[PDB]
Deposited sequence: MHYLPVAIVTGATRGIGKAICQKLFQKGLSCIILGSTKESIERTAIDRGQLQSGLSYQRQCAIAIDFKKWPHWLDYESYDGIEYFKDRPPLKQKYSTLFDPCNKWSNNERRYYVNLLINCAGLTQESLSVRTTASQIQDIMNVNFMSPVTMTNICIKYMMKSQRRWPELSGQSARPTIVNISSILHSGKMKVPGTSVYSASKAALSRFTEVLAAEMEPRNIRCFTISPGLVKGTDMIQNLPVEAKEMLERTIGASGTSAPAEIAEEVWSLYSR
C-alpha cells in the first residue's frame, strides 16, 4: 500500500498561494487548490511535468460566508489531468478529493495545510462598514482558523485509520501572515487587514504549543509587500515541511 501525501492550499489561484502550490507540485505532492468562486478556479506544461500518481484539483469556497460554508452539502470543483481536459465536478467535503483519488493500493491523505487566502481592505477605518469588517475577518482569520481545526481533526483521524502513516514528514499547518501584522509599517486603509493577519499569526503561535505534544507542526511565515518574492516564501514553506 502506497500512501500519497496531499496539500490543501487556500488562496492558491494567485500570489503567494499559487507559488506555494507550484513548489509543492514540483516536489511530488498532490494538491487541493482553493479559490473564492466557480469562475475563479476555472482560471498544461506543469501537469505533464508531474509524476504518474500525482493529482490536482481546485475547489471553490467563498470564505466571506463563514461560518455557513462549513455546512454546505457540496462544493464546486475542477480536476486537472496530464493528457485530458479539466473536469468540473462536485465535492462533498474538503477531503473528498482524497477519497475519489484513492483505491485499494493507493491512499491519498492530507498532510499539509497552507492558509494563504487574503482579502484586502482599501478603506479608512472610519469608512469601513460592519459587513466589510465581517468580510475581511471571515476570509483572513475565521475561515483559516476553521480550516486549521478541521484539517488537524482529519489528520488525527487519518493516523488512526491508517497506522502506517506513523512511518512517514509530520502533519503540518502553515499559516501565511503579512509584514503588515506588526512593526513600523502602518499603512492607512489597512487597519482591519493588518489586525486580521496579526490574529492569524498569534493564533498559530499558541496553536503550536497545543499541538507540540500531539506531534503536529504549526508554523507561521510573515512575507513583505520590505518586500518578499512569492518564490522565496514557497521555498521557506518547503524547507519547514521537509526539515
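- Gaps between the deposited sequence and the modelled coordinates occur at 44-47, 173, 231-255, listed in sequence order.
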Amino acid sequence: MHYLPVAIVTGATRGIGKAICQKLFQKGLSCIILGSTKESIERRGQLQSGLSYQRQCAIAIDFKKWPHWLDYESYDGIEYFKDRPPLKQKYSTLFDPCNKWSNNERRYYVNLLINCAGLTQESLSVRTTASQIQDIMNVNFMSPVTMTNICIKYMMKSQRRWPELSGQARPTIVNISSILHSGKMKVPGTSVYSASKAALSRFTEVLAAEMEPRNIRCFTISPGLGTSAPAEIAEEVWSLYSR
From here on, numbers count along this sequence of modelled residues.
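- Annotation for 44-52 versus 31-39: the higher mean temperature factor (C-alpha) is found in 44-52.
- Higher mean CA temperature factor, per the PDB entry, when comparing 145-153 with 95-103: 95-103.
- Out of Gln22, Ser228, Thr220, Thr10, it is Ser228 whose C-alpha atom has the highest B-factor in the PDB entry.
- The PDB entry assigns the greatest CA B-factor among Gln121, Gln134, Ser125, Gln89 to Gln89.
- The entry lists a Cα temperature factor for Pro67 that places it in the middle third of the chain's modelled residues.
- Ranked against the other modelled residues of its chain, the C-alpha B-factor of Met185 as given in the entry falls in the highest third.
- Among the modelled residues of the chain, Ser177 sits in the highest third by CA temperature factor in this PDB entry.
- The PDB entry assigns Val6 a C-alpha temperature factor belonging to the lowest third of its chain's modelled residues.
- Per the PDB record, residue ranking by Cα B-factor puts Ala117 in the lowest third of the chain.
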